[PDB]
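**Student:** Below is the structure I would like to discuss, written out as structure tokens.
Structure follows, in structure tokens:
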């Protein structure tokens, strides 16, 4: 199943690690910087659904809300990995995302993201479909 990543780090270096670990597994990436950049992903998915992990890059927690408020409108079940340097923020924003029916996973360091992503990808469903009819 699909997965979303919310990054509070406006610094490219941190996001770079995330993008590298993703493509490592063979998945495509979309870094959202505007609301239409999120919706437009769905506009594509309804036409062609290929393995693309959408990473919403946020500068504040309400802009992060804006994204989750749209995803809430989608209704589907997706895993949401969020990164922030303050547990007070990260863990509390997690409250909202989780309450809205989305199982959110919080990461504090690139290596912790690396490990957790490797796990989730194999659990939720990787590019390796496994169950084949042939």
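In the deposited numbering, the protein residues as written are 1 to 134.
C-beta: ideal position from N, C-alpha, C; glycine also.
In the DSSP assignment, find the beta strand (DSSP E) that holds residue 28 and state where it starts and stops.
**Tutor:** Note, residue 28: beta strand (DSSP E), 28-32.
**Student:** Within 10 angstroms of its Cβ, does residue 51 collect 16 or more other Cβ (buried), or is it exposed?
**Tutor:** Answer is exposed; the Cβ neighbour count stays below 16.
**Student:** Would you call the CB atoms of residue 79 and residue 3 closer than 8 Å?
**Tutor:** Yes; because the gap between Cβ atoms is below 8 Å, this pair is in contact.
**Student:** Does the distance from the C-beta atom of residue 107 to that of residue 94 stay below 8 Å?
**Tutor:** No. Outside cutoff.
**Student:** Would you check if the distance between the CB atom of residue 46 and the CB atom of residue 32 is smaller than 8 Å?
**Tutor:** Their beta carbons are not under 8 Å apart, which means residue 46 does not touch residue 32 by this criterion.
**Student:** Strictly by DSSP, which residues pair up with residue 79?
**Tutor:** DSSP lists 3 as partners of residue 79.
**Student:** Do residue 35 and residue 61 have their C-beta atoms within less than 8 Å of each other?
**Tutor:** Not closer than 8 Å, so no.
**Student:** Helix, strand or coil: which one does DSSP assign to residue 97?
**Tutor:** Helix, per DSSP.
**Student:** Taking just the CA atoms, how far does residue 41 sit from residue 10?
**Tutor:** Distance between the alpha carbons of residue 10 and residue 41: 21 Å.
**Student:** With the cut-off set at 8 Å, would you say residue 83 and residue 7 are in Cβ contact?
**Tutor:** In contact: residue 83 and residue 7 (Cβ atoms closer than 8 Å).
**Student:** Classify residue 76: buried if its beta carbon has 16 or more other beta carbons within 10 angstroms, exposed otherwise.
**Tutor:** With fewer than 16 other Cβ atoms within 10 Å, it is exposed.
**Student:** Note down the Cα distance separating residue 39 from residue 70, rounded to an integer number of angstroms.
**Tutor:** Whole-angstrom Cα-Cα distance: 8 Å.
**Student:** Mind checking who residue 106 pairs with in its DSSP beta bridge?
**Tutor:** Paired residues: 82.
**Student:** Measuring only the C-alpha atoms, how far is residue 37 from residue 43?
**Tutor:** Cα to Cα, residue 37 sits roughly 10 Å from residue 43.
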